[PDB]
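Step one of this worksheet: look at the structure below.
Sequence positions, counted from 1, serve as the residue numbers for this chain. The figures here come from the full heavy-atom set of this structure, side chains too, leaving out hydrogens, waters and symmetry mates.
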Amino acid sequence: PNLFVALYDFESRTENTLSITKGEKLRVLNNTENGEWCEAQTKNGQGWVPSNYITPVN
């Protein structure tokens, strides 16, 4: 399973981060080795987001 929902708005100016909105659904493609960042996919594209900004959806 890899479906999540955003807990908060997140946006960074750094390249390769994805902007997400609270309540938006997303899928996680990859995980960093310390579990702190997730590579997310939404209708707005692909990019990294903090893992503590998302939570699973069954």
Side-chain angles (χ1 to χ4, degrees), residues 1-12 14 16-58:
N2 72 328
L3 187 63
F4 296 77
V5 67
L7 297 176
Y8 328 100
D9 289 359
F10 170 78
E11 34 173 13
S12 167
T14 64
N16 206 18
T17 54
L18 185 64
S19 288
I20 58 180
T21 299
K22 174 177 181 180
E24 172 181 25
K25 295 191 262 263
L26 58 106
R27 290 201 176 271
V28 168
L29 311 175
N30 279 304
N31 288 278
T32 62
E33 291 168 8
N34 64 17
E36 295 188 1
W37 290 83
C38 293
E39 192 181 22
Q41 179 145 61
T42 69
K43 74 190 156 304
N44 300 318
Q46 177 179 353
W48 294 88
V49 304
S51 73
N52 59 328
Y53 278 51
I54 67 181
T55 200
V57 175
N58 290 342

Practice item. Identify the two heavy atoms, one from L18 and one from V49, that lie closest to each other, and give their separation to 0.1 Å. Key: O-CG1, 3.5 Å
Revision key, fill the gap. For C38 and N31 the tightest heavy-atom approach is SG-OD1, 3.5 Å
Review point. If you take all heavy atoms of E11 and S19, which pair is closest and at what distance?
Key: CB-OG, 3.4 Å
Review point. Which value, rounded to the nearest 0.5 Å, describes the distance between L26 atom CG and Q46 atom CD?
Key: 12.0 Å
Check your understanding: What pair of heavy atoms forms the shortest contact from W37 to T17, and how long is it?
Key -> CZ3-CG2, 4.4 Å
**Study point:** For the student: nearest non-hydrogen atoms of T32 and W48, plus distance
**Key:** CG2-CZ3, 3.5 Å
Practice item. Could you work out the complete set of other residues in the hydrophobic cluster of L3, with links drawn between I, L, V, M, F, W and Y side chains under 4.5 Å apart? Key: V5, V57
Review point. When you measure from the side chain of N2 to the backbone N and O of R27, does any donor-acceptor pair fall under 3.5 Å?
Key: no
Exercise for review: Write down the atom of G35, the atom of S51, and the distance for their closest heavy-atom approach.
Suggested key: O-OG, 2.6 Å
**Study point:** For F4, all residues meeting ring pair (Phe, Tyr, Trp, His ring centres under 6.0 Å), sequence neighbours excluded
**Key:** none
